Each structure stands twice: as C-alpha cells, then as structure tokens.
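**Q** Residue numbers (the UniProt record's numbering), protein chains in the order written: chain Y, 1 to 38, 45 to 438; chain G, 1 to 38, 45 to 438; chain V, 1 to 430; chain L, 1 to 430. Supplied in structure tokens, the structure appears directly below.
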Ligand SMILES: Nc1nc2c(ncn2[C@@H]2O[C@H](COP(=O)(O)OP(=O)(O)OP(=O)(O)O)[C@@H](O)[C@H]2O)c(=O)[nH]1
Ligand SMILES: Nc1nc2c(ncn2[C@@H]2O[C@H](COP(=O)(O)OP(=O)(O)OP(=O)(O)O)[C@@H](O)[C@H]2O)c(=O)[nH]1
Ligand SMILES: Nc1nc2c(ncn2[C@@H]2O[C@H](COP(=O)(O)OP(=O)(O)O)[C@@H](O)[C@H]2O)c(=O)[nH]1
Ligand SMILES: Nc1nc2c(ncn2[C@@H]2O[C@H](COP(=O)(O)OP(=O)(O)O)[C@@H](O)[C@H]2O)c(=O)[nH]1
Ligand SMILES: [Mg+2]
C-alpha cells in the first residue's frame, strides 16, 4: 500500500504529532537518529534516501517559532527534513483572523510549495492527515487556509483530520467559541471527515481507567497517537479484511456535511492493572458502547448511532468479531437509526500494538478502535452554539477581529450555517 | 575533443576566472604548482610542455595592476605563463570611454598578439569563453574592443561569454546603466550568445538554499565556476550524447540578436543539508523551472521560454531525462512559445562534479545546468532602459565621456538600438 | 523573534525597572558585567528576547531610561547592577518636573522626548521582529505620568500594530504621597485609554497589605515591593523566553483579557507567597496555589474583587505541573464563585503553562484579572477630582506651563464615561 | 603605479599633513627614521604609492610642504616625525601672509610658487605613472587659501589629465576664527570650482560636534581633529595601496560622485566612532555601521543632509566583510530614505571593499556624499559676503597688494550661480 502525508498545524497539532511519529519510529524500529537499523510498510509514511536515513513524509507549520524550535532542537532533530519545519515570526495570538487573513497567508504559500514538492515524489498517494485544534489561531485559521488551498491543488483526494474539540466545561481560552465555530464553517465544504477528541473526556478516562492521578499534555497526546496508528494500520501492515484510507469516508459519511465521527479506543489499561483482566473480544468490543469510554464527552445514549467502524488490531478472531458485533445490534439501550440497518464496518490487521518506552498503557495483545458517528455529537455543537450566541449578542470580542481584515458579517454567516447543521442533524435523527 | 581559449577581462572576469581555473586543476588533479602528479581531456584547456608543468590556455587582461598582481603573487603564480598576464598602468575608472577609446586601445594590440601566438599553437580550436562584467570600465569597454578585434582576426569561430548583468535593485556603481547599455550595443553584432548572471539572484539563492548567511565575492564566483565547468564538460569528458561548444548557439539562438540565455544551476545544497534529500532526476530537473532558481532575477512566468538546454552531468539515466523533460512540457504555468514545439536539448557527460576543498556546496552524485532562453529577460533590458532614459534625459553624466574621445551621439544611438531590441523581443513574444 | 524593548520613566519606573532587570538577568543567569553565566541552554535560545549582543558575550539589555533630572538615573549607574546598561540609552534632563503633569508633558518633556525617540528607533531597527513595547511608570508623579504619556503616544504613532502594555502604580485609596495625585492621575488615564492595549494597575497600599499579612517582614522598603512587581511582570513574558506545554504571548493575553477596547485595565496577582521559616508548614501543590489567586488577600490592586464581577481572567503557570489540575481547578473555581463572574461570557479563565519556573522555586502563577470592581478606584479618583476642581485648587501650576483648564474638564468627562461603561456590565443577561 | 604626490599649504594644511603622514607610516609600518618595519608583505608591494626609496631602505615620502613663513614648518622639522621628510621638499618664505588672500596669491606667494613647482616636477618625473595630486589647505587662512589656489592652478596647467583632489577646512556656520573669512573663502572657491576635480569640505564646528557627542573626550585639541581628517583621507586612497574585493580609485570616485563638472563639492564621513570604555557595549557588525554613515550626527560638514537631497554617495569599506550586507544595506538605506535622494538618478550609492582594515581596527567605512544641502553653506557665505562688501569693509587690505574690487564682484557672482545650480536639482522629475 502507498503513501500518506501528515500535516501538523498549530501548537496542538505540532505537539500531538511529535508523539505520533514516536510510535511510527518504534513500530518499524526506526532510530530517532533517522537511520534504520541494519520493510515494505514504512514507504507509506517515510521517504527513502541514498543513505539509510529515512525522511518522514510530513510537514510542520506553526506561526510561533517556540513550538517547532523544541522539535528542531530536541533529540528528534535529525529525523525531520530541515525545510519541512516551517516557522513564522509572530504568533497568531488565538485570533482566527490573524491565522487566516493577515499572517496566515504570508506563509501559507511556502507550505504549499513543500507539500507540492513532496506530493510529487510519491508514486502513489492516498490523502492527508491534518492535526490541529479548535481553540487556537494557527490550529484553526491556518487549517482553514490549507483545507482551501489543498482542496484546489489536490482535490478529490482524501482529506482527514484529528481535531481537539472544545471540551464542554473545561476551557483553556476565552475565545474558543468564536474561533471554534469559524473554522467549522470553512472546513465543512473542504473536508471529508473529522476525528473529534476532547481533553476533558480523555482526562476523565486517564484518571478513571489508566489510573494515574496527574496527567499532562505529554501524556494525553500519546493516546491520540494510538488512534492514529490504529487508523493507519491498514495502509502499512498485512492482515485479513484491510481497510484503505479512502474507505473511512464512504462508511462513516452518510451525508456530506455529517462527517464528525468521534473517536473511541479500547482497552486503556495500565501495566500493573492488566494482570487481572482477560481481554476477550466482547469485553473490548463492549467497552466502546458506553458513556464512560469516549474521547469526546458526549453521552451517546442521548443520540443514535448511524455508522460505526471497528478497526481491530493484532491477533484477532474474525468469527468472534462477527459474533461480538451481532450482540451489540440487539440491545435496546443501543439504538441505530431506522434508515441504516447496515451499521458496522470491520477491519483487522495482524500487528498487535507497540508500547512507547515508559508508556503508561499496558502491552495488550489485541486492540480495537471505534469511529462511531452519532447524533449525540449535535449536543456538543448545540452547546457551543449557545456560547457563541451569548457573546456575540453583546458584541463583546468582535473588535479584535475587525482589525485583522475580517468583516462583521462573517460571524453572523457562520452561526446561521451552524444552525442549519443543527437542523440537519435533527432531520437525520428522525425517520421520514 | 579540442581546445578552447578563455579570456578574462576586468576585475570581475579576472577574479571570477581564478575560481574557475581552481576547478579545472582539481578535476584533472593538476597541482597548483603547475606540475601534474605522476589525460586526453586537459589538452582542451591546458597546453603541454617539455616538463610535466601544463600551461593553462587562457589570457588575463586588466588595466588596473592590483587585481592581476594578487594572482601574479598568489599561490597560483607558477600555474600561469608570465606573459599571459597583461597589466596596464592605470584603471579605467568605471568609464566606458577610457576602456574602449583612450587607454583600452593602448594595450589591446598586445593582448591580440598573445592570443594569436596562442591560437596558432592548437591543432584544433573551438572558440572563446570571455568572462567580464557589465558595470565596469575594463570589463565593459575592453570587452567591446576584443569582440571587434577577435571577430576580425578569428571570425566565424564561436565567441561565448559569461557576463555579470546589473542586478535589478542592488547596485555597485552609479554609472552602471550608461556603461551597461554601451557594451550591449557593440557586442550584439560581434557575439554568439551571452550567459547572463546577477549577484542579487545568486545572493538570493545562496542565503536561501546553500544556507550561509554571509556570502562574499570569493564565494559566489565559485558557483559561477560550476556552470562553466558543466558547460565545458562535453569538450573534456566522455559520455553519452555529448554537446560540443558550437552546438550551444544553434539550439539557444533562434535569431542573431536574441542570444541572451540566462543561466540556471541545480542542485545547490550544503553538505549537511544534503543527507535528507534524495536527488531524483525530476527533482533536480524541476528545480530549474521556478522563479526561486535563477542566476538572473527575472521572473520566468512573466515571459515564455523559447529554447532550453539541460546539460546533465555525472551518472544519469537517459530514460528518466527523456521522461522528466516530457512532464515539464505539459504544465500550464510553463509556457513555451507557439513557434518552437521542439524546445529541449539534452546532454550527458559521465563525470559527477568535484568539490573545491572547503567548498560550501555538497558532493552531489548528479548535476544539471539549464541555459533557458526566455522572453522574461526583456524585463531586465526594459528596466535598464528606463534607468538610462532618466539620467540621459538630464544629461547628468555625459561630461566624463565626451572628455575621453566619445561623441555625444553614441548614447542616443545605443538606446535607440536597445529600443529596437525591446521591440524585437515583443514581436517574438507573439505569434503571426 | 518577538523582541521586547523596555521603557522606564519616572523615579518609580526606574527603581522598578532596575529591580526588574536584576531578576531577568538572574533567570537567564547573566552576570552583572553583562557576561552570560547560566547553566541551561534554554537561557541563550531566547536571550535575544531582551538582550542585544555585542562581540565578546557582553549582552546589552535594550532598556530606555528617561527621567527629567539626573537624580534617580545617577543612582542606577552607580548601583552594583548599573554597569550592564548601555551608556547611550540613559537620557537625562537638567530640571525635573515638580510633580505637575504639564511641565513633564509639554514644556520640559517635549524638549527631551525627541532625544528618547532617537534611541528607541535604534532599538526597534535592531530587532528582526519587535513584538511590542513595555512601559513602567507611575501616575502620581510628573515625569512618569507626563513624559510616559507623552512618549507612549509617540511610539503609538510610529508602531500602531505592535503591543504596548504598561505597569503603573495607582493612587492608594486612603493614603496619598503627593497632594495633587488626582490631577496627575486623571490626566494620565485620559491619555492612556486611547493609546495603550493593557494596563496592570498596582498600588502601594495593596502591596503593603501583602508584605505583613501573607509574608511576615515588617519594614518592607520600596526595594522589596518592586521585587513583587518585578516578579509579576517577568511572568507575563515567560512564554516568550522559555518553552512550555501551553505557551502564552503578549498578544494572546490582550485578545483574551480585553472584551471591549477601552476596558483593558487589569489588576495582577502572584503566588506562592509565604513568609520565610513558616514556609515549610505549607504544601506547594496546585490546589492551594489556585485558591491563593482568587482571594482579595492576594490582590495587588486596592479594589476588592468581591464587590465587583470578573469579566476575563488569565492564569500563567510555570514549572512542571499537572495540566489536568491546571484546568480542573479553574472549572471548580468558576462554579464555586459563579456569582463573581458575569453571565454574558460563557467562560472567563485563560490558562497557560510554562516549563521553567522562577529561579529559586518549582511553581509559580502570575494571576491577571479584569473585574468591574476597578471602577471603584476610578470613581474614587472622580470623587477627589471634582472636589479639588470645584475650587481650582491647584490649576495655576498647570495653566502656567501651556495648558488650558478645558483639558481638565475633558479628562474628567472621559473618566466618568469609563466608570459608566464598567457599570453597564454589572447587570446580568436579559 | 598610480603614485600620489601630496601637497600641503598653510598652517592647517601642514598640521593636518603632519598627522596625515603619521597614520600612513603607521598603516604601512614605517619607522619614523624612514626604515620600513611592518609585518605584512602588502605594505611593501604598494609602498611606492606614497614613498620614494633611497638606498638603505630609507623611504622618503613625496610630500611638498609650503608656507610663506618658517613658523609652522620649523615645528614639523623639530617634531618627532619630522626627520622622515626630505630636507629639500620644505619650501619656506620670510614673510607670512596676514590672512589676506591677495598677498599670499599675488605679491608673496608668486615669489615662492615657482620654487615649489621646481620640486613638484622632480616628484612628477620620479614616478612611473603619477596618478594625481592631493592638496590639504584651509579656505579661511591666507597662505592656504592664496598659495594653494595659486599652486593648484599651476599644477593644473602642466598636468590637466591627472586627478587633483583637495581636503579643505571650511568656515564654520556661527563661529569664525578669522574676521575676513568670507572674503578669503569666496575668493578661494571661485578659483577652485574651475581647477579642482573634487573637494572634501570639512569644518571644525561639525568635527567638534563629533568629539563630545559620539566620542566622549572633552578638550579635543586640533591634534585630534586632524586625526579624524587624517583617517578619512587615508581611506579614500586605500584601494591604491592594498588589495580588495571591489577596488576603488581616485578616478573611480570622481566619475561616480560628480554628475556635473561644477558640482564636485562633497562632505566626508567616517566610522566606527565610539568613546573608549563604552566601546565594549556596542557591536561592530555591518548593519549598525551603515546607519552611522547616513545620519547628520556623523557628518563632518556643518550642513545637515536632511535639509537637502543626496545626489551621489560612495561608501569605501575596509576589512574582511560580507559583500552581501555591504550591498543589501545600501538598498534598504535608499528605500528607507527615498525622499532624501533625488529621483532623476536611478541609483546613487557606490560601494567599494578593501581587504586591509585600518591599523588597530577590523572594520572601517569612509563615507562620501554629494548633497544639495551644501548650497546652504555657500549661501551663508554669500550672505556674509554681501553684508561686508556692501560697505567695502576690508577691501583696502586687498586692493593694496595688486588687486581690483572687480574680482570680488566676479567671485560673488560665480558663487551665487553655484548656489543656483544646486537649487535647480531640488525639484523632482518632470
Ligand atoms: N491533545 C493535545 N491537545 C493540545 C496540545 N496542545 C494544545 N492542545 C489543545 O489545543 C488547544 C489550544 O490550541 P493550540 O494548539 O495551543 O493553539 P495554536 O494552534 O498554536 O494557536 P495559536 O497559538 O493561537 O496560534 C486547547 O484545546 C489545548 O487543550 C497537545 O499537545 N495535545
Ligand atoms: N560574480 C562576481 N562579480 C563581481 C566580482 N567582482 C566584481 N563583480 C561585479 O562586477 C561589477 C563591477 O565591475 P568590476 O569588474 O569590479 O569593474 P572592472 O571590470 O574592474 O572595471 P573598472 O574597475 O571600472 O576598470 C559589479 O556588478 C560587481 O558586483 C566577482 O569576483 N564575482
Ligand atoms: N513600587 C514602588 N513605587 C514607588 C517607588 N518609588 C516611588 N513610588 C511611587 O511612585 C509615586 C511617586 O512618583 P515618582 O515616580 O517619584 O514621581 P516622578 O519622578 O515625577 O515620576 C508614589 O505613588 C510612590 O508610592 C518604588 O521604588 N517602588
Ligand atoms: N582641523 C584643523 N583646523 C585648523 C588647525 N589649525 C587651524 N585650523 C583652521 O584653519 C583656519 C585658520 O587658518 P590658518 O591655516 O591658521 O591660516 P593660514 O596660515 O593663513 O593659512 C581656521 O578656520 C582654523 O579653525 C588644525 O590644526 N586643525
Ligand atoms: Mg577594476
């Protein structure tokens, strides 16, 4: 199978990626020095060279020099091609306008050049994985730019992303609703499907299952690394019933706008706690169908599932996966919409996970990642829309935007667009 | 293959040559002491002797004793025949008239004698490579003299030159437009094709690709050494699809006056930066077709290419060169004129480049130099003509010339001649 | 990258400045002679954020020292830490303002401001990407109030886009160290609301309340109060100088902490603060730290936050810490004191975490607040101003240096509007 | 090769001359006894550019010293550095001019000029290729103004082709050390515009402004001002004496710096200039160096370039340097101050780089400028001249030595035209 390009935008995406690429190095046994120790898989995510040093096929962009500087000076400095690390001069300062209109465009073209110079050097190409956040300038405004530009230059190719959605109650910035909605509007028409994640839900899981009292960003971003490696496992490792990258959108996207499947991973168990667990197929399969196991803090029983992919990993029994899924289809609490009787998409790859040195999670012999699309996520959008209405009703932060080349009417258009999305979910939530 | 004669006129040409001849010494392993260490190639650029000391087949002329004195006293003193180093008493003082009418003619005949005494001692002869500048007295006025004299005494033999064209905005003298246009007029009718180069573009490249913050003349003139060695590679080293010296003009000169192909070289990469690059044929071939890779700061997309030579070097795959060039012919941004469907001229020599001891550029296993002729260069002439009109409209510097045996009407004739050249490009820029 | 050029005016500004540079030199590990002697490579990666470089490792901080008379500057140059500064950056007059705003802004400051601008521009052109300007002054004085407002306007005209924040000492509620503070204070605010992006109001009485209450150090000289102020301001710029999990920026704080353009007056806060000796009987975990940021007892502004309501709040943490608690506690804080925050803003807390804590500590949080309770301060100044101006108490010292009493009325009217604007947001939604 | 013969006239010329030869002997490493003791072979390769050779290594500089009275020359011969000069080259009269132009040009200088020419020719025939002549004098005096203009004309007649440049001290704007400066100054300009190729105008007041402003050395005697002038003039001739990346020439500067024949009056500049002690807090990189060349503060001509517009500018750098910056900064300089340059010249900056910096330094740039603002100087002299000549203030001292007042009117009329010609180019294109 063939190549994929990973774009890491903003502090969150850039910081998340460094953890993700640590896994790829471990799985294929690539040295942090870049030189593979003395096979057909790494070609998808790594570029060959005359020497033994493989070059990762990804680009990092961040208007603030600080974040990339840590990578550019960290022990992984030699792994990345120096010209792939694009850095501006000043930060976007959490303002959507700066990262999209004034300073985002001053460096966007340079990023396109390297991607173009990178996409041209792959005999095959699947799509893009874009890592970013919803609550920052570079990770929200610059993302919207690249979705537009990459859509034009490389349209009709898959465009996937993993976005840190604003958590329900915990908040890390004041202008998250303003910046969160804006990027959503511009990215709906130029994206395939977004893999939402919340730090609140992940924190809730980490203190609950993993059983470590004091998590950090350096900890959580690694779990987000596992979902990516499991998602991209088909493109690298052989196994029965593979699932190529272009397959995700077809199964998980009944409608063009409705492309927000929240991520769910299992089993998250610590090394010590695992010795008293059996890890049967229904056990791990059942873990994905409860409020207590989500990367987004949306109560699934509030809504109805409409598409679910169970990308199994490691030594797995297809017979049990077929049987385990069948039971979940016949439980009253679980409720698939009326119009999608065919609501599962199984995928198996014969490569059990690999543990990061010193990693908190255990060495599970078998793993599964669920990518269910549920109408309960409309609550997250509904709550977010409530926040935006409260602030913009008083016009309490617009001035920071109008001064950066963003017209007043954009805010009104976005919410009205989001309001239609709210109704779109409601219509799909019923049966004609 | 047989001999070529290199003439280095002016401070720029003389200083550029010393870097060029350092390469020839390295490639053939000739000692700076002149004695070859204890084959059929060096006969083209070097003259044999009874002893093991080979004599370079070039002449150096500079009205200012200072520049040649450095060579005549530098560590390369013994390499050059003492009588080949021609020096006057006083400088041309950036005045075109002095280097062409009053003091240029006082020493021109002596230069002709040594060339005549040198051209007579070569069983075969290809042509001349003349190194000079556009913004000096000796390098502009004395050049025009030798073009006239050499044309008469050795007419119908190739006359090539590498000229440091005045950069768009950076300027090193006040009277560059006056001196730049004058030499152009007199050299159009007595030259085959000129290889334009700009220090601005080279500086832009050096800080951009080579990644050294503080370049100097001693640095840039070496890169100009690479283009010369690549251009003259066919005359020395064996390889499939050689390209003799007389071949350049036929492919690159559709019309007699239109003989200004700007130089472009690739790949310019530092020793450290190269370990993360693959250097595939399309990669190096693609580098030559963008505004960011030129020795002359003319935006190629403004104009249309009308002739292009890709003189490949080192171990190369003719199949890929054929394929790589074909793709460039089918891109909308790239636009060859309508009347030249046959717009490529490939040449391969089996001799990968050699690195100057301590050189900044890397040890590329494969190299290519492009000599595209484009209508965008008319912008450089158009801008230069604008400068001349502003000054001569006020007659603000003519007095320094009229006092050195140059009539007033010469300035008017030159611009009117340049104006026709501007229209000549415009007519060729369209289709009948 | 994001260079900061520091401006200090007035006796209070220079003295706070002088202490302010001692700590940053300490954090980066810079010798008083200007030679770097730190132990962490992260100190040199960003040493250009404050310090220029002259050959030989001599790092010359780009601070601009201006006072209308040589008094305070001479002490700085004679001080142990005074050799570090560039001799040219010092700008000194020969007749200091007599605490009156007019002389230091119109007749005397004007003759000297042009000289200062000549040096500030040289600092601006020497930086590849000059982030913004930082000013330390005092409203009560004449040199700090007058020339600071004169200079803040001039730098505003040349570089409108850049950030321009200020740390100012504000008149105390019941004590006044200058008779004509309300006149200088009111005049200086009028000229600041229109030109500065943020202002960290502080007052000595509130800072005095810290010295003996939470710390136990009677007889705290100004040299110690400035250290608290020094530490707080160095916290705001930490992310620009050291890596972190969630980096902040001078513009990041401005966007979050300023809902409306005029309402940019904040009031700072710092922790941990504990007296020596008794320090060992207290824990340094995040929970107790956070509670210390949301109580009036640890507010450096005399106005008590309880009386008013919070609009926006930014907590800039430092050191190795659990990001969960750094955000779990904020959520609990907001629900505990929901009445203390306005309803029309769905969330008000801004969190930033840095990797390098302050020198000699393993945890630090510079609190910043934008509460409506500050209106009480400006209302108090309005009460004092109208009393004095109702009888032209001291107008003759001002009108005698090229000024008209019409300006006093303009400043009073503008001040009242600022108070009114804060009041309008006391009410809840709908 | 391109030998220079130095001419010095007047007390100011000899004193500047005397210092001027100390530095060149220092640069080439020549012992005061005339014996070369340098350490670089590049000092002997071009030692013939200034110094003749007598057997035994005794290098005799080819300077011609002329003063109408033995006063100043006797001090030079008695000075520590006076033994180097040839005894014959000294030419001395017995009655010095009393500051009046006529006596030193007509009645007394005439009796002595022929003697000087007899020695200048011997120097000219001894050089294989005599580039040109260099004159150091002062307009205010009588010997420098009179005999210098008398001699500059005579050498002009014999060698019209060669360069003939001059360094002259020009009357200060508000101070005058001689009562009749306008008469001598105006008379000397009339005779110079018609005979000299370039003139580097300098004035003591402007040079005084350097001593205390950028340097910090109060009580700068003339012996120090001459050193600044010494250094600048030695920079102009550097390329003739040492190798470089982009060599300059006395004729190169004349071609670039002189658009029209009459408008050849320049005003020099030098860098780096910094007071001892404070030197270590400043960097020596190219950027800060270039800005120091395009500010009035470092101009040795009292006229401020800001008031006028630049026509042509030449920067002669020295030492190992990045040619990129040596040309990148000029482009940025021109765009920053585009209003300061006339539009009818597309580019105005001339760059030259040499390999050997000044002794005791690793970087140096002798700025040269041709700005219209100099017209203010000549206009000022015109203002003073018309005032005095309107009443025949001192004409009797002049007409009494074989002169007619008609000459004064001719000189005044010519001076006014020179001012007018500069003014015509104030306007923009079309
Ligand atoms: N999972 C994870 N989330 C992160 C990380 N870093 C930041 N975030 C989240 O990203 C959001 C903040 O956005 P940032 O990425 O820091 O901001 P940015 O993209 O750099 O945008 P500006 O700094 O405003 O230009 C918050 O929701 C954070 O919780 C990380 O390493 N991992
Ligand atoms: N590439 C390169 N360009 C040079 C070099 N030296 C000078 N130049 C360029 O040449 C032009 C100046 O002309 P010069 O060759 O120095 O002048 P010259 O030919 O000696 O003429 P005169 O000195 O006036 O007699 C400018 O555009 C310089 O940038 C060099 O070593 N390499
Ligand atoms: N924190 C602090 N405040 C000071 C210091 N010195 C003076 N102040 C305050 O500044 C005000 C007096 O202003 P000052 O700066 O002396 O007047 P200026 O010289 O005219 O600006 C009073 O409110 C003082 O409390 C100091 O060292 N530290
Ligand atoms: N720079 C400099 N200027 C001087 C020196 N001595 C005199 N002058 C100036 O020369 C002028 C006086 O001319 P002077 O040469 O004494 O008269 P002369 O002997 O008749 O030519 C005044 O403008 C002085 O400022 C000196 O040593 N250095
Ligand atoms: Mg030359």
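Where is the CB? At the ideal position from N, CA and C, for every residue including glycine.
Can you list every residue whose CB sits closer than 5 Å to some heavy atom of ligand 5, going in chain order?
**A** Result (chain order): G/11 and G/70.
**Q** For residue 337 of chain L, go through chain G and note every residue whose CB falls closer than 9 Å to its CB, in chain order.
**A** Residues of chain G passing the Cβ test: none, with the nearest at roughly 15 Å.
**Q** Less than 6 Å between C-beta atoms, sequence neighbours within five positions excluded: which residues of the same chain meet that for residue 242 of chain G?
**A** Contacts found: 47 and 50.
**Q** Is there at least one non-hydrogen atom of ligand 6 closer than 7 Å to the beta-carbon of residue 131 of chain L?
**A** Looking for ligand 6 in the displayed structure turns up nothing; the ligands present are ligand 1, ligand 2, ligand 3, ligand 4 and ligand 5.
**Q** Taking 7 Å as the cut-off, is the beta-carbon of residue 226 of chain L closer than that to any non-hydrogen atom of ligand 4?
**A** For ligand 4, at least one heavy atom lies less than 7 Å from the Cβ of residue 226 of chain L.
**Q** Scan the segment 192 to 227 of chain V and note each continuous alpha helix (DSSP H) run of 4 residues or more that stays entirely inside, going in chain order.
**A** The qualifying runs are 204 to 213.
**Q** Alpha carbon to alpha carbon, how far is residue 406 of chain L from residue 146 of chain L? Give it in angstroms, no decimals.
**A** One C-alpha to the other measures close to 18 Å.
**Q** Is any beta-carbon of chain Y found at less than 8 Å from that of residue 113 of chain V?
**A** It does not; no Cβ of chain Y falls within 8 Å.
**Q** If we define contact as Cβ-Cβ less than 8 Å, is residue 111 of chain G a contact residue for chain L?
**A** Not an interface residue.
**Q** By how many angstroms is the C-alpha of residue 293 of chain Y removed from the C-alpha of residue 41 of chain Y?
**A** Residue 41 of chain Y cannot be placed in this structure, since chain Y goes from 38 to 45 without the numbers between.
**Q** Secondary structure at residue 196 of chain Y, three-state DSSP: helix, strand or coil?
**A** Of the three classes helix, strand and coil, the one that applies to residue 196 of chain Y here is coil, per DSSP.
**Q** With 8 Å as the threshold, decide whether the Cβ of residue 279 of chain G is near any Cβ in chain Y.
**A** Judged by the 8 Å Cβ criterion, residue 279 of chain G is in contact with chain Y.
**Q** Which class does residue 392 of chain L belong to by DSSP, given the choice of helix, strand or coil?
**A** The answer is coil: DSSP assigns residue 392 of chain L none of H, G, I, E or B.
**Q** For residue 217 of chain V, is the classification buried or exposed, using 16 other Cβ atoms within 10 angstroms of its Cβ as the cut-off for buried?
**A** Counting Cβ neighbours within 10 Å, residue 217 of chain V comes out exposed, since fewer than 16 surround it.
**Q** Taking 7 Å as the limit between beta carbons, can you name the residues of its chain near residue 42 of chain G, skipping five residues before and five after?
**A** A break in chain G separates 38 from 45, and the residue in question, residue 42 of chain G, sits inside that break with no coordinates.
**Q** Using the beta-carbon of each residue, which ones in chain G are nearer than 8 Å to residue 131 of chain L?
**A** Those are 96, listed as they occur along chain G.
**Q** Is it buried or exposed for residue 354 of chain V, if we count other Cβ within 10 angstroms and need 16 for buried?
**A** Residue 354 of chain V should be labelled buried.
**Q** Compare the C-beta of residue 39 of chain G with all C-beta atoms of chain Y and state if any pair is closer than 8 Å.
**A** It's not possible to place residue 39 of chain G here, given that chain G moves directly from 38 to 45.
**Q** Please go through the segment 234 to 290 of chain L and give each complete alpha helix (DSSP H) segment of 4 or more residues, from N-terminal end onward.
**A** Counting only runs of 4 or more, we get 250 to 257.
**Q** Do residue 153 of chain Y and residue 108 of chain Y have their C-beta atoms within less than 8 Å of each other?
**A** Result no, Cβ atoms of residue 153 of chain Y and residue 108 of chain Y do not sit closer than 8 Å.
**Q** In the DSSP output, what is residue 89 of chain V paired with across the bridge?
**A** Partner(s): none; residue 89 of chain V has no beta bridge.
**Q** Ignore the nearest five residues each way along the sequence and tell me which others in residue 113 of chain L's own chain have a CB closer than 7 Å to its CB.
**A** Closer than 7 Å at Cβ, skipping near neighbours: 147, 150, 151 and 154.
**Q** Please check if any C-beta of chain G sits within less than 8 Å of the C-beta of residue 88 of chain Y.
**A** For residue 88 of chain Y, the answer is yes, since a Cβ of chain G falls inside 8 Å of its Cβ.
**Q** Quick one: what does DSSP say residue 15 of chain L is sitting in, helix, strand or coil?
**A** Residue 15 of chain L falls in the helix class under three-state DSSP.
**Q** Would a check of beta-carbon distances place residue 284 of chain G closer than 8 Å to chain Y?
**A** Residue 284 of chain G counts as touching chain Y.
**Q** Shorter than 8 Å from the beta carbon of residue 350 of chain L to some beta carbon of chain G?
**A** True, the Cβ-Cβ gap to chain G drops below 8 Å.
**Q** Taking residue 54 of chain L as part of the beta strand (DSSP E), name the residues at either end of that continuous run.
**A** Per DSSP, residue 54 of chain L belongs to the beta strand (DSSP E) from 51 to 54.
**Q** For residue 208 of chain G, which residues from the same chain have a beta carbon less than 7 Å from its beta carbon, with the 5 sequence-adjacent residues on both sides left out?
**A** So the qualifying residues of the chain are 226, 229 and 301.
**Q** Would you mind telling me which residues of chain V sit closer than 9 Å to residue 139 of chain L, beta carbon to beta carbon, in chain order?
**A** Result: empty, since nearest Cβ-Cβ is about 33 Å, beyond 9 Å.
**Q** Is it buried or exposed, residue 204 of chain Y, if we count other Cβ atoms within 10 angstroms and call 16 or more buried?
**A** Residue 204 of chain Y is buried by the Cβ-count criterion.
**Q** Find the nearest neighbour of residue 90 of chain L within the set L/101, L/107 and L/69, judged by alpha-carbon distance.
**A** Out of L/101, L/107 and L/69, L/69 has the C-alpha closest to the C-alpha of residue 90 of chain L.
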